[PDB]
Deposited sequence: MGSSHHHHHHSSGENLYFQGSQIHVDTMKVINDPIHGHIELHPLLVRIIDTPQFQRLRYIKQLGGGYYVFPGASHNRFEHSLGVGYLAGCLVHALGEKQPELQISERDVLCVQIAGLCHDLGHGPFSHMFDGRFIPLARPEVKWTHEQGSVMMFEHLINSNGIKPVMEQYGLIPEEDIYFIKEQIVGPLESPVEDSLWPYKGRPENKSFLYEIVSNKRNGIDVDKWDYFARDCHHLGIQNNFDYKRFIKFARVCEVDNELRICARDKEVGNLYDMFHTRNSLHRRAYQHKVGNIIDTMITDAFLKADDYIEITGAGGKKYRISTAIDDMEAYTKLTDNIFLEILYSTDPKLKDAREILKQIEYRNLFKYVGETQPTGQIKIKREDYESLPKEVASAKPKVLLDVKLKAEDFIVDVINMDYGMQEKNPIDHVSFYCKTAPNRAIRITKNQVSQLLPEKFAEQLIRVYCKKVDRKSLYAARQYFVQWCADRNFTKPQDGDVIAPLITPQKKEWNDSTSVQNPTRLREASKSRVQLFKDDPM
């Protein structure tokens, strides 16, 4: 009932949601429509850090709130780039599409997030190749079709067939195979760098999880994403328009990847968190033959096969832990007993950690053979117990800056104050001699399933002996856990 320039004013109030990390943020009605579906709401029942909650009691946060944050930040970054550079022709349609991809990027996560595709599926179905990101595309497709989203998209200026395709590309990368993307052209290349940056890992996903995980873990975040946004521009790089950082921010960019690595070190790869994920996975494996999840047209699926049917997969969340824990079926006894051990805190025992020494790298094809190697070590110590291959767990952890051996800053372009449209490169030695010399390494953790004092003492001797035999690094507590073993190795002394 109000008019301006002779035309009626229309008031479209956005939904406002209060997030502890980002504060009060506005959700466009199209995002709301996507959020309020069983497919998206599912993420409320999947813990961001999986078993981490069993080590960090503040880490009760789920994928849901993280996904909201990623959608929000994606919008924030695209908007800012567009406000500073109208010449990029960023439309509200483009903004929505990037927001949606941010929201939906984690739709394919299973129970306990990275445990599911990182540990469980590879063991439960070695023939398949599965990733949560592929799952996110399938789940996104299912969300769209089951909830009649296409008309709603059209209503807000989206072109579904193109934009749905674009969204999927933002999530999983190129869907085929020159410029490998179809949803958007080279001059909007920078749009593909926002949610999931496959080129250098600088994206808003990190920005949310740094801040969110820190808030819940009780570890403090030292990366400033708002600063980064202020010092980001889009410049021409080899015929694409790409996000570039202000040159003097290079220190802060190295620090961003240092933060990521510290979080993996302190929290995500916590030695006990990992053994809890291991044990949960063992329980799932022992339960997989007996639990039934009903999918499309009444078909029955297993935990390991629910990934093949999005209707079933929709019902596959952290709930499965409790279904197992609370079960009475005798056939689930073995699974159930593992989870009960978790509850009584009768966990597999951490033996130690070591690393390879040279340019030596442990191949994934050889992971399975490692426990046997440990059991076959011959420590010159008098022991009450003999341990077998099956008593040992050997967990190999790849720690890196997100691109294996590569320095991600070598794949970043910068701009200078005096020529803010000119992209440049900055090399490592131009920056600082105090930076890492390598960008990838492996940590090897060894655990023992025999938890008594005598078995643990024995396991330590086998472990350190194995380290010596393989020319691995001297464990940090080596002289304490295995004083009779460490002298033999003079490379260690």
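- Absence of C-alpha coordinates is noted for several segments of the deposited sequence, namely 1 to 14, 192 to 196, 513 to 539.
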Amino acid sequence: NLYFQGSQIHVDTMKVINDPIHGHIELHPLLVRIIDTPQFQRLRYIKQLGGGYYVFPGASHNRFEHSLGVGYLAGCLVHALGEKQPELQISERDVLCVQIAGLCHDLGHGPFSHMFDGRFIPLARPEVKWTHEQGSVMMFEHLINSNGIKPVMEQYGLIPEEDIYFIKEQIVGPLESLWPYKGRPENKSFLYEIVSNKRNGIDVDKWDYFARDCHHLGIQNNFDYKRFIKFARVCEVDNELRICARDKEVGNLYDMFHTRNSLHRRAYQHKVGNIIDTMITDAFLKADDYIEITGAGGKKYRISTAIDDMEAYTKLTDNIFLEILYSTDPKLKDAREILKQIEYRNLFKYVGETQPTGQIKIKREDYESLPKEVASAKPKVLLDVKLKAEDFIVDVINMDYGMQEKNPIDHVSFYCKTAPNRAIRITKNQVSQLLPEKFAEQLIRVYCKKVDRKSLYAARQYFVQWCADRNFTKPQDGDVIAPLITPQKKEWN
From here on, numbers count along this sequence of modelled residues.
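- The question of which stretch, 7 to 15 or 474 to 482, has the higher mean Cα B factor is settled in favour of 7 to 15.
- Higher average CA B factor: 132 to 140, of the stretches 204 to 212 and 132 to 140.
- Residue set 249, 343, 224, 162: peak C-alpha B-factor at 162 (per PDB entry).
- Note on the listed residues 339, 287, 362, 78: the highest Cα temperature factor in the record is that of 362.
- Per the PDB record, residue ranking by Cα B-factor puts residue 170 in the middle third of the chain.
- When the modelled residues of the chain are ordered by C-alpha B-factor, residue 47 sits in the lowest third.
- Per the deposited record, the Cα B-factor of residue 452 falls in the highest third when ranked against the other modelled residues of its chain.
- Sorting the modelled residues of the chain by their CA temperature factor places residue 391 in the middle third.
- In the deposited entry, the Cα temperature factor of residue 218 sits in the bottom third of values across the chain's modelled residues.
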